[PDB]
């Protein structure tokens, strides 16, 4: 480029910066092409072009001005890249601001989508505010290859589409530009099928939607509604390995955590809306907005000491009682709680408070509602036409055709969309088995095998691998969490090793073992010591997340207190012992709302949590217990640096079944960070109980779940114990401990103690 051209850019004299900025073809070679990427990055000292799908990174050079950058790259196609931008000591990674020089679909957009590889397809499908022919308006586009006609109906045309008939491009996608309308336009697509039947559809790629049960889509100028402040969070995430950090998740269903009064408006980030009543049977209650949740949930979670909030599915869904798991508006956060910018504000405020956001994401199926994706264009478009692979008959839902390029693209670009536009830090996928198996919940003779004769759903496995490959390439330090309940191998292993590419898997076996164990009267736990210890036998085959989820406190299973045997004191004590054990056992942590304060009743999605219980001491004490346990977890490296290495754990003794005692070490990089954990799972106290330890010295009683401030009896070791040079459990030293009833101790050597 010349200095004249650069200076026109620097000084805002250039007539159209897209002519020069962004990605431009310089020449074509025999088997490759030479491209230049240019950027004007005021205040940046350095920049790079990352090509994350090729695992490449190329420096940019300043050209004529220290803040104007160019990068020349030879490659056949330069479709997917990011800019890394360094401004002083800080780096950010963004998409190129000059990536897309028109609002309309290009030939290249259509080709990539036809192949299933358009990772940013949501920039062009849906509804986007833009300019065509010099006039500002909205560009609409929708994939409906077998429709006979499609028209845009909406508020702007009184729902009559005759003068807003779309144009079909390349026999596949319909488009229309509508001048002088903008954000907040309410619309649907009116489709005529090959039989001549006329019907109405919400926008698959819509960014916002009316409030259930209304279904119209709403135009959002998605890149001009919110200003983020989370660049330092994002940089730390990108440059960190979350597997080596504390990860303690508070699982939340946004609709049912806390309700407000339906007698007043729902406040939003600078504005308000009509209240969204929770149900016709509880009409004085409304949902809180994403704004109000930012103001109330976030400081609540920060004070409790969790590292992450995991949301049950926030994508648009028509029925409260699905909990979010039956989604019809994949590209929009539900309007139950306000607007897209209110959810952005929520995530930005989490990041400000040092809390990450994990979304339950639902790629496995979709319901049959007429406004949604079903039978979209008069054919089985999103779902597979064969019900043996295209329906989950026991659920009444439809299964995506994962092998179909445009369907795969809808879902792969969807997962990326939430990281891009909403800055989320992870995803969790429920019921991954539902996708993996061609015989899932199907009777003999009502499914067919794969091309090799097996039950593996090959197209779904390919899709899951593609999602995880891409997600970690574009967003390296995220969490991708699976619940898979059939012992599929290598769920949380890299795709190149034959894994499915998740980085964490819920330890469902652990969860069953623990809850079944604690439900047993304590005298009888001696016949079930194997529930305590078995999950370590297969533990190192996956990277496990220890999750006690919403699914365990519904349908007659009771909430946590109710699962426990004994009198009220003992029920509380059992809860504290279980969760102390959970937080000391190797693996990351997840627990659901209401578990932290001892709600007696099961979770009810139609009401809110029983907050009045926190007026009473026993619930306050349990909540203080969790507050302190989360604080300890973040403070003790041996509870989180080596979760997934042999070094990080070793049983001391797990043979005393008759007294339901087990003990173990946790380790980290510094030997002085090793912890001694001792568990007593009966109400029998032990005044003298010997436990082998590796070193001489004073072992501080760092945590004691029977402490009085947690509701316990206050039994224990009054600060700590000096080890004896008395070999025990195959260790050269030992502690003679007092073990409180239905409790866990964590001890830690203080090598600086005065003898």
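Numbering follows the first chain given and starts at 1.
The mean C-alpha temperature factor is higher for 95-103 when 95-103 and 607-615 are set side by side. Between 669-677 and 316-324, it is 669-677 that carries the larger average Cα temperature factor according to the deposited entry. Looking only at 477, 255, 204, 445, the residue with the top Cα B factor in the deposited structure is 445.
For the set 356, 494, 126, 586, the maximum C-alpha B-factor listed in the entry falls on 494. Residue 721: CA B factor lies in the highest third for its chain, per the PDB record. Among the modelled residues of the chain, residue 57 sits in the lowest third by CA temperature factor in this PDB entry.
Among all modelled residues in its chain, residue 49 ranks in the lowest third by Cα B-factor. Sort the chain's modelled residues by C-alpha temperature factor and residue 135 lands in the highest third, per the entry.
Among the modelled residues of the chain, residue 481 sits in the lowest third by CA temperature factor in this PDB entry.
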